[PDB]
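Structure file upload28.json; described as JSON, C-alpha atoms.
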[["chain", "number", "residue", "atom", "x", "y", "z"],
["O", 1, "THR", "CA", 77.64, 183.30, 26.90],
["O", 2, "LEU", "CA", 79.46, 180.97, 29.28],
["O", 3, "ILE", "CA", 82.90, 181.88, 30.59],
["O", 4, "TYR", "CA", 85.17, 179.58, 32.55],
["O", 5, "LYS", "CA", 87.40, 179.57, 35.58],
["O", 6, "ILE", "CA", 89.90, 176.81, 36.31],
["O", 7, "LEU", "CA", 90.98, 176.41, 39.94],
["O", 8, "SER", "CA", 92.13, 173.82, 42.46],
["O", 9, "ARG", "CA", 89.63, 171.78, 44.47],
["O", 10, "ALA", "CA", 91.09, 173.38, 47.60],
["O", 11, "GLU", "CA", 90.35, 176.86, 46.30],
["O", 12, "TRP", "CA", 86.82, 175.92, 45.26],
["O", 13, "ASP", "CA", 86.01, 174.34, 48.63],
["O", 14, "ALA", "CA", 87.50, 177.40, 50.34],
["O", 15, "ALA", "CA", 85.33, 179.57, 48.12],
["O", 16, "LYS", "CA", 82.18, 177.65, 49.05],
["O", 17, "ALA", "CA", 83.00, 178.06, 52.75],
["O", 18, "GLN", "CA", 83.04, 181.84, 52.22],
["O", 19, "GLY", "CA", 80.11, 182.15, 49.82],
["O", 20, "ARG", "CA", 82.31, 183.55, 47.06],
["O", 21, "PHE", "CA", 85.57, 183.04, 45.18],
["O", 22, "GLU", "CA", 87.88, 186.01, 45.67],
["O", 23, "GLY", "CA", 90.45, 184.79, 43.17],
["O", 24, "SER", "CA", 93.61, 182.76, 42.70],
["O", 25, "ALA", "CA", 97.07, 184.05, 43.64],
["O", 26, "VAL", "CA", 97.46, 185.61, 40.20],
["O", 27, "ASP", "CA", 93.92, 187.01, 40.23],
["O", 28, "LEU", "CA", 94.56, 188.79, 43.52],
["O", 29, "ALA", "CA", 97.90, 190.01, 42.18],
["O", 30, "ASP", "CA", 96.42, 191.38, 38.97],
["O", 31, "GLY", "CA", 93.32, 192.90, 40.54],
["O", 32, "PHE", "CA", 90.67, 190.82, 38.78],
["O", 33, "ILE", "CA", 89.61, 187.24, 38.22],
["O", 34, "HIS", "CA", 90.99, 185.69, 35.04],
["O", 35, "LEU", "CA", 88.29, 183.80, 33.17],
["O", 36, "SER", "CA", 88.25, 182.36, 29.63],
["O", 37, "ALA", "CA", 85.65, 182.22, 26.89],
["O", 38, "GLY", "CA", 84.98, 178.71, 25.62],
["O", 39, "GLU", "CA", 87.22, 178.98, 22.54],
["O", 40, "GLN", "CA", 90.14, 180.10, 24.72],
["O", 41, "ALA", "CA", 89.61, 177.78, 27.72],
["O", 42, "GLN", "CA", 91.61, 174.78, 26.51],
["O", 43, "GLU", "CA", 94.65, 176.94, 25.73],
["O", 44, "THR", "CA", 94.40, 178.53, 29.18],
["O", 45, "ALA", "CA", 94.33, 175.05, 30.72],
["O", 46, "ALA", "CA", 97.36, 173.94, 28.70],
["O", 47, "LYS", "CA", 99.26, 177.10, 29.53],
["O", 48, "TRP", "CA", 98.94, 177.39, 33.32],
["O", 49, "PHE", "CA", 97.54, 174.15, 34.75],
["O", 50, "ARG", "CA", 99.74, 171.37, 33.39],
["O", 51, "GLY", "CA", 100.31, 168.47, 35.77],
["O", 52, "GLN", "CA", 97.85, 169.69, 38.39],
["O", 53, "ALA", "CA", 95.51, 167.04, 39.73],
["O", 54, "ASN", "CA", 92.16, 167.69, 41.40],
["O", 55, "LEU", "CA", 91.31, 170.71, 39.25],
["O", 56, "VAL", "CA", 87.76, 171.98, 38.95],
["O", 57, "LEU", "CA", 86.15, 173.79, 36.02],
["O", 58, "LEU", "CA", 83.54, 176.44, 36.79],
["O", 59, "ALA", "CA", 81.11, 177.39, 34.02],
["O", 60, "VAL", "CA", 79.68, 180.89, 34.42],
["O", 61, "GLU", "CA", 76.95, 182.81, 32.59],
["O", 62, "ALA", "CA", 78.62, 186.10, 31.60],
["O", 63, "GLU", "CA", 75.61, 188.34, 30.89],
["O", 64, "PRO", "CA", 74.15, 188.30, 34.42],
["O", 65, "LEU", "CA", 77.53, 189.26, 35.88],
["O", 66, "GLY", "CA", 76.99, 192.93, 35.17],
["O", 67, "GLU", "CA", 79.36, 195.84, 34.59],
["O", 68, "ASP", "CA", 82.15, 194.40, 36.73],
["O", 69, "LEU", "CA", 82.83, 191.91, 33.94],
["O", 70, "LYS", "CA", 85.18, 193.52, 31.45],
["O", 71, "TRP", "CA", 86.20, 191.96, 28.14],
["O", 72, "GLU", "CA", 89.78, 193.03, 27.52],
["O", 73, "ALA", "CA", 91.93, 192.45, 24.43],
["O", 74, "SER", "CA", 94.73, 190.18, 25.60],
["O", 75, "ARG", "CA", 96.31, 186.90, 24.43],
["O", 76, "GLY", "CA", 96.58, 186.74, 20.65],
["O", 77, "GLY", "CA", 94.38, 189.81, 20.37],
["O", 78, "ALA", "CA", 91.35, 187.95, 21.72],
["O", 79, "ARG", "CA", 89.15, 189.58, 24.38],
["O", 80, "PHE", "CA", 89.31, 187.80, 27.72],
["O", 81, "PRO", "CA", 86.58, 188.10, 30.35],
["O", 82, "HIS", "CA", 87.99, 189.78, 33.47],
["O", 83, "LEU", "CA", 85.78, 190.01, 36.59],
["O", 84, "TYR", "CA", 86.66, 192.97, 38.79],
["O", 85, "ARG", "CA", 84.98, 191.57, 41.90],
["O", 86, "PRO", "CA", 84.74, 188.21, 43.65],
["O", 87, "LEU", "CA", 82.71, 185.52, 41.90],
["O", 88, "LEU", "CA", 79.63, 184.51, 43.88],
["O", 89, "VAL", "CA", 79.25, 180.78, 44.47],
["O", 90, "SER", "CA", 75.65, 181.28, 43.31],
["O", 91, "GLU", "CA", 76.87, 182.69, 40.00],
["O", 92, "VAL", "CA", 78.36, 179.35, 38.96],
["O", 93, "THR", "CA", 76.00, 177.51, 36.61],
["O", 94, "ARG", "CA", 77.85, 174.19, 36.80],
["O", 95, "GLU", "CA", 81.11, 172.62, 37.93],
["O", 96, "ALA", "CA", 83.13, 169.57, 36.94],
["O", 97, "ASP", "CA", 86.26, 167.79, 38.10],
["O", 98, "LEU", "CA", 88.92, 167.71, 35.40],
["O", 99, "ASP", "CA", 91.13, 164.84, 34.23],
["O", 100, "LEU", "CA", 94.62, 165.16, 32.73],
["O", 101, "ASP", "CA", 95.72, 163.72, 29.38],
["O", 102, "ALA", "CA", 99.07, 162.01, 28.71],
["O", 103, "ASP", "CA", 100.88, 165.36, 28.55],
["O", 104, "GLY", "CA", 99.42, 166.41, 31.89],
["O", 105, "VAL", "CA", 97.09, 168.87, 30.17],
["O", 106, "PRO", "CA", 93.58, 169.21, 31.68],
["O", 107, "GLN", "CA", 90.92, 167.98, 29.24],
["O", 108, "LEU", "CA", 88.15, 170.55, 28.69],
["O", 109, "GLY", "CA", 86.84, 169.25, 25.38],
["O", 110, "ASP", "CA", 83.73, 167.33, 26.42],
["O", 111, "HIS", "CA", 82.83, 169.91, 29.05],
["O", 112, "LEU", "CA", 83.04, 172.82, 26.62],
["O", 113, "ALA", "CA", 80.98, 170.82, 24.11],
["O", 114, "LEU", "CA", 78.05, 170.96, 26.52]]
Rendering of file as structure tokens:
Amino acid sequence: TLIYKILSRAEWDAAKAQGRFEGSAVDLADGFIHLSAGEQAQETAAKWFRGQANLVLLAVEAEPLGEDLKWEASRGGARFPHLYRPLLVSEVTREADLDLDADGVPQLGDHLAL
């Protein structure tokens, strides 16, 4: 199962310079990295990343993450993948730069379809 993280290009480059992504401002505040399953990813993008240019989408294989990945019942009763540890740069299967639609919403459609 692939899970996804949406973050700024700055944060991703910063992560690569450290060997791992320790989390966004909200991740660090909450105590875990907020990721989304494929069926929830687009809504996550529409909810918190509107109008942001230079966003990057990280696709991550969930199974090999281990016990630190917890699936917790959250938004709309759906279980969201929460990683209670930094995400290794090596744990990212693939990345992609996102484009915004007319409403300023990041388009994840074609990437999730992969």
field: From O:28, O:10, O:33, O:15, residue lying nearest residue O:90 [only C-alpha atoms]
entry: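 Using only C-alpha atoms, residue O:90 sits closest to O:15.
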message: When you count all atoms listed in the file, which of these residues is closest to residue O:13: O:41, O:73, O:114, O:55?
response: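 For residue O:13, the nearest of the candidates is O:55.
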message: What's the separation between atom CA of residue O:70 and atom CA of residue O:5, in Å to one decimal place?
response: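 So the answer is 14.7 Å.
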- request: Rank nothing, just name the residue among O:1, O:18, O:93, O:8 nearest to residue O:48, using all atoms listed in the file.
  value: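 The shortest atom-to-atom distance to residue O:48 comes from O:8.
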field: Local residues around (83.4, 192.3, 32.1), at most 7 Å away, using all atoms listed in the file, as a PyMOL selection string
entry: chain O and resi 67-71+81-83
field: Counting all atoms listed in the file, the residue of O:104, O:111, O:50, O:3 that sits nearest residue O:64
entry: O:3
- request: Tell me, as a ChimeraX atom specification, which residues lie within 9 Å of residue O:92, counting only C-alpha atoms; anything in the same chain fewer than 4 positions away does not count.
  value: /O:58-61,87-88
- prompt: Could you work out how far atom CA of residue O:66 lies from atom CA of residue O:78, giving the answer in Å with one decimal?
  reply: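 Distance between the two atoms: 20.3 Å.
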Please determine the residues with any atom at most 8 Å from (82.3, 171.9, 33.6) (coordinates as given in the file, with only C-alpha atoms counting) and report them as an mmCIF file with C-alpha atoms, keeping the file's coordinate frame.
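File produced: point-v1.cif:
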data_model
loop_
_atom_site.group_PDB
_atom_site.id
_atom_site.type_symbol
_atom_site.label_atom_id
_atom_site.label_comp_id
_atom_site.auth_asym_id
_atom_site.auth_seq_id
_atom_site.Cartn_x
_atom_site.Cartn_y
_atom_site.Cartn_z
ATOM 1 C CA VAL O 56 87.760 171.980 38.950
ATOM 2 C CA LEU O 57 86.150 173.790 36.020
ATOM 3 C CA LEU O 58 83.540 176.440 36.790
ATOM 4 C CA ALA O 59 81.110 177.390 34.020
ATOM 5 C CA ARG O 94 77.850 174.190 36.800
ATOM 6 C CA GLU O 95 81.110 172.620 37.930
ATOM 7 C CA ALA O 96 83.130 169.570 36.940
ATOM 8 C CA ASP O 97 86.260 167.790 38.100
ATOM 9 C CA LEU O 108 88.150 170.550 28.690
ATOM 10 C CA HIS O 111 82.830 169.910 29.050
ATOM 11 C CA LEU O 112 83.040 172.820 26.620
#
statement: Of O:6, O:62, O:102, O:37, the one sitting nearest residue O:24 when using all atoms listed in the file is O:6
Missing atoms in stretch 23-37 of chain O should be modelled up to N, CA, C and O atoms and reported as a compact mmCIF listing (two decimals), in the coordinates of the input.
# COMPACT_ATOMS: atom_id res chain seq x y z
N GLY O 23 89.39 184.85 44.16
CA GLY O 23 90.45 184.79 43.17
C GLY O 23 91.67 183.97 43.55
O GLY O 23 91.95 183.75 44.73
N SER O 24 92.39 183.53 42.52
CA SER O 24 93.61 182.76 42.70
C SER O 24 94.72 183.74 43.05
O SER O 24 94.50 184.96 43.07
N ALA O 25 95.92 183.22 43.31
CA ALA O 25 97.07 184.05 43.64
C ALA O 25 97.28 185.12 42.56
O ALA O 25 97.45 186.30 42.87
N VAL O 26 97.27 184.69 41.30
CA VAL O 26 97.46 185.61 40.20
C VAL O 26 96.30 186.59 40.06
O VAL O 26 96.50 187.75 39.73
N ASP O 27 95.08 186.12 40.32
CA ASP O 27 93.92 187.01 40.23
C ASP O 27 94.08 188.15 41.22
O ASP O 27 93.95 189.33 40.87
N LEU O 28 94.38 187.80 42.47
CA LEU O 28 94.56 188.79 43.52
C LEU O 28 95.72 189.73 43.22
O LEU O 28 95.68 190.91 43.57
N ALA O 29 96.75 189.21 42.55
CA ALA O 29 97.90 190.01 42.18
C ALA O 29 97.54 191.02 41.10
O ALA O 29 97.93 192.19 41.17
N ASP O 30 96.81 190.55 40.09
CA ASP O 30 96.42 191.38 38.97
C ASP O 30 95.25 192.32 39.22
O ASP O 30 95.10 193.31 38.50
N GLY O 31 94.44 192.03 40.23
CA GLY O 31 93.32 192.90 40.54
C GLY O 31 91.98 192.52 39.93
O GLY O 31 91.03 193.31 39.94
N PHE O 32 91.91 191.31 39.38
CA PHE O 32 90.67 190.82 38.78
C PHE O 32 90.76 189.32 38.59
O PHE O 32 91.85 188.75 38.60
N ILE O 33 89.62 188.68 38.41
CA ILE O 33 89.61 187.24 38.22
C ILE O 33 89.73 186.91 36.74
O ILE O 33 88.94 187.39 35.91
N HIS O 34 90.74 186.11 36.41
CA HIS O 34 90.99 185.69 35.04
C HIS O 34 90.05 184.56 34.66
O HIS O 34 90.10 183.48 35.25
N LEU O 35 89.21 184.81 33.67
CA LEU O 35 88.29 183.80 33.17
C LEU O 35 88.57 183.65 31.68
O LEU O 35 89.30 184.47 31.11
N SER O 36 88.03 182.61 31.06
CA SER O 36 88.25 182.36 29.63
C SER O 36 86.96 182.04 28.91
O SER O 36 86.09 181.36 29.45
N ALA O 37 86.83 182.54 27.69
CA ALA O 37 85.65 182.22 26.89
C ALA O 37 85.88 180.77 26.47
O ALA O 37 87.00 180.27 26.57
